[PDB]
Amino acid sequence: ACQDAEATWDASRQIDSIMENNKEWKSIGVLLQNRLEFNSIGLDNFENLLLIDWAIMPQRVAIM
Amino acid sequence: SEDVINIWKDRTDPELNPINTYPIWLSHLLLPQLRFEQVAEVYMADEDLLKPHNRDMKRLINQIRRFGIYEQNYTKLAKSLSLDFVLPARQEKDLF
Amino acid sequence: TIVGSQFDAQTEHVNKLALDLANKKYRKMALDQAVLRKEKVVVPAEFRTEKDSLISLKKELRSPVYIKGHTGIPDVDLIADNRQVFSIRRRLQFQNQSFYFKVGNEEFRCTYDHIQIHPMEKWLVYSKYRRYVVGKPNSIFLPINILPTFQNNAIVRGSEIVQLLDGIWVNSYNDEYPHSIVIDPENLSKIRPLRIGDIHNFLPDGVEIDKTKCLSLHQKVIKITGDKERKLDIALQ
Amino acid sequence: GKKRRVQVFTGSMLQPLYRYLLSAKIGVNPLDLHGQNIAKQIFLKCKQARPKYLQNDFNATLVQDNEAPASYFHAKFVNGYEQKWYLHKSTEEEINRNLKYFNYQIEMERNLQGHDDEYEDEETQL
Amino acid sequence: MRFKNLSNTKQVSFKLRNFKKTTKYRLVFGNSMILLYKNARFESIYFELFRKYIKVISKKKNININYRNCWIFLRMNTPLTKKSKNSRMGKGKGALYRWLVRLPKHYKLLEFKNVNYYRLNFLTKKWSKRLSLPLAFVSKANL
Amino acid sequence: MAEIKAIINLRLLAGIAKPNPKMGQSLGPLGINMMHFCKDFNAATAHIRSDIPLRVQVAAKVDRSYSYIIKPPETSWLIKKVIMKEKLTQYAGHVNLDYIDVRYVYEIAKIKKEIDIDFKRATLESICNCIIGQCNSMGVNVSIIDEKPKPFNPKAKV
Amino acid sequence: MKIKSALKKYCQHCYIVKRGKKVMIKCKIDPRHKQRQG
Amino acid sequence: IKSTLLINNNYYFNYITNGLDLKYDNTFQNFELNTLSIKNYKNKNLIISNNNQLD
Amino acid sequence: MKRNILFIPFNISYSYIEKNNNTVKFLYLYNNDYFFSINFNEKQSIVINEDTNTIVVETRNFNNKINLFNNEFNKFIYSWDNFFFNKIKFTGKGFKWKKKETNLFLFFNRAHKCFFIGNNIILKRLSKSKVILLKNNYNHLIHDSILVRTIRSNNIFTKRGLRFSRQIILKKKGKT
RNA sequence: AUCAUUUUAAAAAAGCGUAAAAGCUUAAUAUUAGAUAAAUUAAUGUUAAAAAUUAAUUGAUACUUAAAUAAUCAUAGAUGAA
Ligand SMILES: [Mg+2]
Ligand SMILES: [Zn+2]
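Residues numbered from 1 in each chain as written, not as in the entry; some residues may be left out. Chains lettered and ligands numbered in written order. Part of a larger assembly, values for the part shown. Heavy atoms only, no water.

Labelled according to the PDB entry, chain D appears under the name mL53, originating from Tetrahymena thermophila.

The PDB entry annotates chain A as mL104 originating from Tetrahymena thermophila.

Structure below.
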């Protein structure tokens, strides 16, 4: 019953909007990248259902 | 000199160990590295057993960048090759 | 590849989207080979007259059309544009899909049977079709399309499926009829291949086989080889 | 197939552009958008290119000068010539014909001095 | 002529001073085919010149196919007699020197089953240039 | 001058580099001193066994200058050691008979990575997948084996 | 030169030139490839 | 997502022809040291970094 | 579209003029010695740069003659206070010349006389195997330079004979 | 046999080349500038959403399938355009 919807389904489509209208996201994001050092990724889609606000891998880490 | 891999005279022979001792990515080698071609047939049946790991995708794409160049170079051959000569065939080659 | 390896190692986990997607299409197609899409197609056109000769049309880039009818039905012959005709091919579904023709308020179902092209000149001569009516038998071509199965044990290793027939001719008596046929050959083997009667037993009630076209139900489609090593060891020894 | 036996030589008619240069100085405003990238490409052709067809003392540079009016391409030739070409409006093609307008003359100056500034015929065939 | 006793009997057939026939072409066995496009006397050397070049296509080493590729139906039909040099007219009919095939307009010379589309178009063009006849190549794709 | 005239692949023993006349056919007409050349080779490869054949490249230049570069031994030769055979299959794919186990592949890949300049950017999965395709062309397979092999010294043309 | 009614290009470098009703081929490499149509 | 969050941008570009001038000195170009934010997102020569010096 | 380019030297200074009616457009070149004008149709649009002394042209009329219009216009201006130049050589055994006041004497294994006489040129010898010509028109030069060439030219077997200093030379093996 | 890796991209190569090597060019591709991407048809009345729309045509450009029309050439004899 969910077959057709999941085909076209993608969570990453939300990225271009959240990159604009969320200052809480960027300002701490600035700190993660510029100043300190980790293998940060950014918005990473959790099995096409969520997009984690900030994450680190392969350690399966989340900063929501 | 009872050396198996030792190129350096100074070093010693790295000895075997249990397979669990090594990183996981050796396990992805023993499995049959599929083409992207059979891999779709797997997805046609949704065989949960055989499915590619993540690194497989890069190698499948490099089959696919390289297969596109195989056709473009074939079509030139099929159209410009003198009838005296022979084409390579695209089927199996049963010997004996 | 398109990104350096050093960055890909950080993002090796990302590629699940790649493989999780290909689950969806190739499974969807593999199960949707059988079904006609539920979408109406229409072809505006005009009647035939004795005035409109071929070569007159063919400078105007129209085309003749021909329909063969069925029991008790009269034939119909029409005029249409070429670019309509090729667009009708250009669907997936061309072998069987139901196409209508609107002359005026009237509509005439049809199917594709074939087209003739003038081979030395390579322009469209005519576009031939076959009538379809609901309450009466109607010739259609049901292609056979075999799925892969990693559930059988002989199919997986060193054996080869052999599709001796591409499709089946039948007679349909109802509105919606199946596009094609799909088979799961697990229970098959070298010992028994599939035969047409194994299909005749499994069809809807509105369908029947056109015995006038086929030879015998005991005819067989899918055949399976033996093992290769059991040959190869014997070949060398 | 078959072996060529006629050898057509095209070495003497080879006339590259940056050959009579001694130096170069790229100038960049970060406020240009058309005059930046034009100078990017030239700096490559000064170093990415081959050193045979350049002088031995050829040194090209790049500097970010916010104070300039426009991004520039300053240049210096062998026999004394020196110029500047701003780049906020021009193209890469309008520049080359200026370079020919110098390089065509330096031959007329150096040949009179006796200098063979030409290449062997065997350098590039067709 | 008479097909009953070919080798034994002596054979004669009328030259046909204006013989024209068209036979509606259609594929039966396979996918692609070559067909003739003009009434003509098809020799044998018109075939034997480009006989190998079909084998190189349809047949290849170390590959086995169960089904059949080519279907040919050519047979000789016309004896093509002739007189000697210094012979007056009358006093009978001439003698033999060859045999041929009188083909109609739309004649399936060859019928193919899954053979390389790209080579047959390269073949039939060269075929038709030696022969100077109009020939065609057809595939179920274009139709 | 610094411009590259030519490139040559070679094969050499580590400490027995010597002006063999069967290498002057390549380096003769370029005017390179085989003696002065082989000196700088044997000097570097003193930390390597002398039985082993390596390979090297030489960017021969327009002034008959040179700049030698060293690479690991031939990847095929290394496997013939483990496999204890000298000659491999005519055919490939159809005739598959040989067997290595992964636990040496993981060790001979390090050979390539520790030395070869091309793989400095690369990971180990990458390198290990390179030889498996080289193994498909040869009649070789990767299967678990508990045992160890015994020594063998497969030939090299030198 | 050699008069070919049916002209033909042997090498890629061959090219066509038309001087009035006159037609021919020329090559920058092999001067034997050149032709005329008559 | 990195390109928006950078502050001290340092645009770079190559002037490489081929690695033969570097291989034949047993050298090469590193990117593990200072694995940077961006490499060749749109312009397939550009690199961006924070470090005002980058060797 | 091909947007042809008109070079202007540095010694030259120019102006561009139009009517109030804007139905006429023309251009004026002016030097210490000379002056020269030429118009542009309503269908030719124009762009100018003082940065390069180059002018760019589009043509809605799609006339292909403009590509020749350039070379005349370009060279006709550089023909003011600048020369064109060319150089000639030879290589051989029994070859020589002698030079006396734009009257060049050639001795290349020929029974007859081979004088070359220059009307309104410059000719100055730099070595035994080299001589430069100079003149303001390019088309008279080649007619002046090529007459020297036709006495002996490059053998296709050996590069012995005369030749220009920039040319396509042919070679063919012989007597291996 | 047609694997695999590094690459922004690069064929166990579609070809020339070599005693074998070397060396040259296409496919695939980047930087910069110039620069084509324009017109439409049919659907569930109004409520999902930091978000996502199907079937389909015509036309500009390049690759590709190819055919048709028009002009030109496709050597000419023997009393003199004929
Ligand atoms: Mg390769
Ligand atoms: Zn040519």
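Having seen the structure, we can now continue with the description.
Undergrad: Break down the sheet that holds strand β5 (residues 124–130) of chain C for me, citing the residues and quoting the values.
TA: For sheets, the rule is that strands pair by backbone hydrogen bonds, running either parallel or antiparallel. Residue and element names in this part refer to chain C. Ordered in space as β1-β3-β2-β5-β4, the five strands form an open sheet in which the pairing is mixed. Strands at the two margins of the open sheet, each flanked by one partner only, are β1 (46–47) and β4 (111–117). Two strands pair when backbone bridges link them, and β1 and strand β3 (residues 76–81) are joined in this way by two bridges, in the antiparallel orientation. Across the sheet, residue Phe 47 finds its bridge partner in β3, namely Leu 78. (Pairing = 2+ DSSP bridges. Helix = DSSP H or I, 4+ residues; strand = E, 2+ residues; numbered from the N terminus.)

Undergrad: Can you tell me about the coordination of the zinc ion (ligand 2), naming the residues and giving the values?
TA: Residue and element names in this part refer to chain G. Within the first shell, the zinc ion (ligand 2) binds the protein through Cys 11 (SG), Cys 14 (SG), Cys 27 (SG) and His 33 (ND1), at distances of 2.1 to 2.4 Å. Coordination geometry of the zinc ion (ligand 2): the four donor atoms subtend angles of 91 to 137° at the metal centre, consistent with an arrangement described as irregular. When the donor residues of the zinc ion (ligand 2) are listed from N- to C-terminus, their spacing reads C-x2-C-x12-C-x5-H. Here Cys 27 lies in the segment after β2 (22–26) and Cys 14 lies in the segment before β1 (15–19), a separation of 13 residues in the sequence. By relative accessible area, which is 5% here, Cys 14 ends up buried. (Donors = N, O, S within 2.8 Å, 3.2 Å for Na, K, Ca; no water. Tetrahedral: all angles 85-135°; square planar, octahedral: opposite > 155°, others 65-115°. Buried < 20%, exposed > 50% of the residue type's maximum accessible area, 1.4 Å probe, protein only.)

Undergrad: Please provide a residue-by-residue account of the arrangement of the chains, values included.
TA: Here the protein chains form 13 pairs of chains in contact, of which the pair with the most contacts is chains D and I. A gap remains between chain B and chain G, which never touch, and the nearest two C-alpha atoms on either side lie 14 Å apart. Spatially, chain B is disjoint from chain H: no contact exists, and the shortest C-alpha separation is 18 Å. (Contact = heavy atoms within 4.5 Å.)

Undergrad: Talk me through the environment of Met 1 of chain I; I want residue IDs and the actual numbers.
TA: Residue and element names in this part refer to chain I. Within the element layout of this structure, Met 1 appears in the segment before β1 (5–7). Along the sequence, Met 1 and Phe 62 sit 61 residues apart, while their C-alpha atoms lie 9.6 Å from each other. Apart from residues no more than four positions distant in its own chain, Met 1 is found in contact with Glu 58, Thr 59 and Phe 62.

Undergrad: So what's going on with the packing of helix α4 (residues 102–115) of chain F against helix α5 (residues 124–136) of chain F? Residues and values would help.
TA: Residue and element names in this part refer to chain F. Where α4 contacts α5, the two axes come as close as 10 Å, and the packing angle between them is 105°. The angle between α4 and α5 falls in the class roughly perpendicular. Here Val 105, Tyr 106, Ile 108, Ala 109 and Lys 113 of α4 come into contact with α5, specifically with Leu 124, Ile 127, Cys 128 and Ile 131. In the contact of α4 with α5, the residues fall into eight nonpolar, no polar and one charged. (Axes fitted to C-alpha atoms, helices over the stretch in contact; angles between N-to-C directions. Parallel < 35°, antiparallel > 145°, perpendicular 65-115°, else oblique. Nonpolar A, V, L, I, M, F, W, Y, C, P; charged D, E, K, R; others polar.)

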